[PDB]
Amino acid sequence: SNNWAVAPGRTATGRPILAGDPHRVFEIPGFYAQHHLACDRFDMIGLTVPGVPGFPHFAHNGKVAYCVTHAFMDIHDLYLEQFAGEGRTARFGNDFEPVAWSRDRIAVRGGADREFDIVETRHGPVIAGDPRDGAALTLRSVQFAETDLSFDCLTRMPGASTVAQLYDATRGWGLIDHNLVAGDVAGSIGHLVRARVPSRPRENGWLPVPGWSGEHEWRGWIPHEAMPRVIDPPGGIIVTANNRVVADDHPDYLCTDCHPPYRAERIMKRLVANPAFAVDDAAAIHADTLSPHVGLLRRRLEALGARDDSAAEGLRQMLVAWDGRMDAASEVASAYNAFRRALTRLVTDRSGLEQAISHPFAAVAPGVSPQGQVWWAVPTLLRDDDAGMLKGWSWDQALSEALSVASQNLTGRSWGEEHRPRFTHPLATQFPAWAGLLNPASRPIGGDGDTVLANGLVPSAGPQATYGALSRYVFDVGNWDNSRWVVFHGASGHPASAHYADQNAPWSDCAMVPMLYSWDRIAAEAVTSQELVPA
């Protein structure tokens, strides 16, 4: 996800500007929908979650604007339990205690019912492994473990008038951890880590940990007032982009895993170069396609030297010359992607990680992708030249092999056409003759998982974009009708609707449409108007 705020002393307007874009899988219809809701208590516009009241993540109310990126706090622990009693007891300290067992059943369209066991220890439910064999994994997650009052925040947030009031209003939010970045008409900007995080050791962040020893238990909650926050920082710039929120010597353990800092860095760099950021400048940072890896790729391939195979040497010259932009127009960007996919595939097979998911402990739906994980770690290992997992190969051998393989996979398509998402309705595989109607129309788009324009992919599956900005927005705080937004297909979830897929056009261009707040402009532009009346 990306967001940023720019302080009044660095904007073209002399008021805050907030902008960004949440990144999720392109499930259809999009998880977020645009709404404007007014009553006597509030007048708010932003993104809603169909089926949930309110504006949990993205909105302004005419005084404060707010938006989020996923913080990558560590909010889920896995415990290795030791069981006995044929699964009926689990160890805690030096005592084995009764475990909860019950039975449940789901129905399956076109198949038989599945019956199954729900096993639960004092840490939580068993999600992997068979307790009858003596060990299994349980999950203790802030999302499930204790009473959660996040829904109380939804009725308080609309009434906030300043950044600080917004942050009070979110007290008790724990369903998910967000960098909540906010701006207000008084001129403030802020970033709060909005999350409930248990107090417990750094070690729990690396692996499932022993459920019996007491070394690894939660010791209460990190207090609200201890969560990282900053308000009106002195550089006048806030950026968050799933990157590590605080240094690891911070006194509470908060994070082991997060996204690399490429996106935040590139956003930060462009904002730093522009101390008169205007509303119109948001769209250019959304669209940023520079890959952080061009330099490393170039050095390594350079040092690799001419190949013997002819297709492979051609691929090499092309990659060595590439400007590193994942532009929709760029054919060489597809070839970089093909090469990186082949590289990642080879490293995964070679190391045996491809088969790591054979183990019964891997069976937590929807499962981990070895290629999808290794893809992000390859740059580190390549940069450090660490061939520790390549079973005798050097990186130069992997690279060379990847040139050979990748050269057979060059479609020649511009990256836009190579990467174009195939937006797949949930019923398209069950009703394939309806796929044409059900799947909203998609256009060519650039970017990849590393670029601010974060249209990422499934490396084991192919180059096609599978996740990216579900929406983009910029808030002109205190000149609200100048705010703008877009969603990746449209407001409607009805494949027949004129608004099922019409926003895909500006979205694919990285352009946005007016986020209208004045009722008099809304009245002037209404296409349909409906009264919803008492009985």
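The numbering used is simple: start at 1 and walk along the sequence shown.
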404 to 412 versus 156 to 164 - greater average Cα B-factor per the deposited record: 404 to 412
Which wins on mean Cα temperature factor, 80 to 88 or 238 to 246? 80 to 88
Per the entry's Cα B factor values, which of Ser334, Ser394, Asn204, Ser150 stands out as the maximum? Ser394
In this crystal structure's PDB entry, the residue among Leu180, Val374, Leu315, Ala329 with the greatest CA B factor is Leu315
Going by the CA temperature factor in the PDB record, which third of the chain does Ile75 belong to: lowest, middle or highest? lowest
What third of its chain, lowest, middle or highest, does the C-alpha temperature factor of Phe339 fall into? middle
Among all modelled residues of this chain, ranked by Cα B factor, put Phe361 in the bottom, middle or top third, i.e. lowest, middle or highest. highest
Using the temperature factors of the C-alpha atoms in this entry, rank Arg15 within its chain: lowest, middle or highest third. middle
Binned into thirds over the chain's modelled residues, the C-alpha B-factor of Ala433 lands in the middle
